[PDB]
Every structure is written in C-alpha cells, then in structure tokens.
2 protein chains.
Amino acid sequence: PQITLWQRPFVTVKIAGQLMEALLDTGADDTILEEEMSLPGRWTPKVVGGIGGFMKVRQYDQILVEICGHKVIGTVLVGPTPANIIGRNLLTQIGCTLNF
Amino acid sequence: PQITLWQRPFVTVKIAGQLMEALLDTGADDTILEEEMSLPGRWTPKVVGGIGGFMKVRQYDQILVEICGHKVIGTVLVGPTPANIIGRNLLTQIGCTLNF
Ligand SMILES: Cc1cccc(C)c1OCC(=O)N[C@@H](Cc1ccccc1)[C@@H](O)C[C@H](Cc1ccccc1)NC(=O)[C@H](C(C)C)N1CCCNC1=O
C-alpha cells in the first residue's frame, strides 16, 4: 500500500500469537513494544533515549513479526513505551520507502 | 524523491535564514527543532511527551520551512530535543507518503 500521513500511520501486527497496532515510525532506529508484551526466552538489557529522556528496555533477538501480513524477523525491544513502534530495523524488511 | 530507510532519513531544511538537517519522522505528530534554534516573536508554552518522558517547548505558529527546497508553513516547536524532527504536520504539506 501507499499510506498518506494526515493520521498517525498505525498498522496491525502479530507477534508471538498476539495482535496489536504499532506505529510505522521512520524516526525510530529500533522497534519497541509496550510493557505488557510477553516474549519468551532470554533477553539483554538495553537503554533507549527519546524526547523526554531515557528508559530501560529488554532486547529480544530474532523475533518473528507479521506486519500487515508480511513476515520479517528482527530485534524487538520491550519496555514502558507509550505506543508500540515499528522502527527502521523492520521497516527496511518490508521494503518501506518515504516518497514525495 | 523516493527514500529507503537503511539510514536515518535526514533532509536539509532552511528556516528563518538558518540551515539545519532534520529527521523525516512519521512517528511524530509535530515538528520540533533544537534548543539553539532562534525564532523571532511571540510563542506559546507547550509540553511534548516522547519515549523517556516529557519536555517543555515553545510553540511558534505560521513558520515558513523550506524542506528539500519545497516551501511549507506550519507550527514549529523549539525545545531541548536531541535532533531536529519534521513531523506529520509538515510532512503532509510536502505530499509525503509511506510506501511498501
Ligand atoms: C509523538 C509526538 C507527538 C508530538 C510531537 C512529537 C515531536 C512527537 O514525537 C516525539 C518522539 O519522540 N517520537 C518518537 C516516536 C514516539 C511516538 C509516540 C510516543 C513516543 C515516541 C520518534 O518518532 C522520534 C525519536 C527521535 C529521536 C530522539 C532521540 C534521539 C534520536 C532520535 N526517536 C526515538 O525516540 C527512537 C525510538 C522510538 C526507537 N530512537 C531512540 C533513540 C535512538 N534512536 C531512535 O531512533
């Protein structure tokens, strides 16, 4: 699809059998999911800095993400973010471009 | 142009005779420039919340922004952001779409 930006660019994603909406975010290097997201297995501590300051997150490697049905695999961060965010690490795998 | 997302999507912008680079950010509702940015005239207090928390900003209305040479006019926030960010309020005016 081609998506205009008059509204926030949310899409439905399925991760580890769970459904959620996440923002397609060209300003994000990394993908981050909300605190209540349950991913199994080991993780590594990471800190993410946005506008406002920094927050501690859990880094999960090799997570399968189904983004508008497209299947991709990458690193997913989990922490106390206000919204689920799909960052460039996954946007590149769905062939996402900015056009104008 | 069409821009891929293997790298951060920075573009050059000119605002109030000053040049800077700014991130094209679909995850941002609003446009925010770094604390050292000098805009003339009246402004209104606003607070922006990102990942990490919130920060106090100045809201300037009807600012002319030249984005990749395109001319657009909109609200611009100025505060202690780590990077200049072009949000959807301006991205819509340059006909910016996400494609995949
Ligand atoms: C949502 C919003 C509403 C009104 C006004 C503004 C400016 C708004 O956006 C603020 C905002 O932080 N949006 C983020 C996503 C957002 C949407 C909704 C709520 C909260 C946040 C994101 O798009 C931009 C922001 C840019 C940035 C900040 C600091 C250093 C470098 C880059 N990017 C990041 O925080 C990313 C994260 C998300 C992986 N990030 C973290 C560090 C390393 N690099 C990097 O890419």
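Derivation of every value follows stated rules applied to the coordinates shown; laboratory data play no part. Don't worry about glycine lacking a Cβ; one is built from the backbone with ideal geometry, like all the others, and counts go over all protein chains shown.
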Hey, what number do you get for chain A at 222 nm if only DSSP H runs of n ≥ 4 count, each worth -39500 (n - 2.57), divided across all residues, to the nearest 500? -500 deg cm²/dmol
So the pair-distance distribution of chain A, from every Cα-Cα distance in 5 Å bins, comes to percents of 3, 12, 25, 27, 18, 10, 3, 1, 0
Work out the mean other chain Cβ neighbour count within 10 Å for the residues of A:1-9 and drop it here as an integer. 6
Pairs from A:46/B:56; A:71/B:14; A:46/B:71 whose Cα-Cα separation, in the structure shown, is over 31 Å: A:71/B:14; A:46/B:71
Applied in sequence order to region A:87-92, the curve 6.51 cos²θ - 1.76 cosθ + 1.60 (Karplus, θ = phi - 60°) yields integer Hz couplings, x standing for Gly and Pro, of x, 4, 4, 9, 4, 5
Karplus-derived 3J(HN,Hα), 6.51/-1.76/1.60, for each residue of region A:67-72, Hz, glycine and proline x: 10, 6, x, 4, 9, 9
Pair residue B:56, residue B:73: separation of 7 Å Cα→Cβ label points (nm): 3.1 nm
Per-residue average of Cβ from other chains inside 10 Å of B:27-38: 2
When only Cα pairs under 8 Å and 6 or more residues apart are kept, what is the percent relative contact order across chain A? 33 percent
Where the centre of each part is set by its Cα atoms, how far does region A:38-100 sit from region B:25-100, in angstrom? 24 Å
For the protein assembly as shown, what is one quarter of the convex hull surface built on the Cα atoms, given in nm²? 10.7 nm²
Other copies of residue A:36: label-to-label distances in nm, shortest first, labels 7 Å along the beta-carbon direction: 4.3
homo-copy label distances at residue A:21 (7 angstrom along Cα-Cβ), nm, one dp, ascending, are 3.4
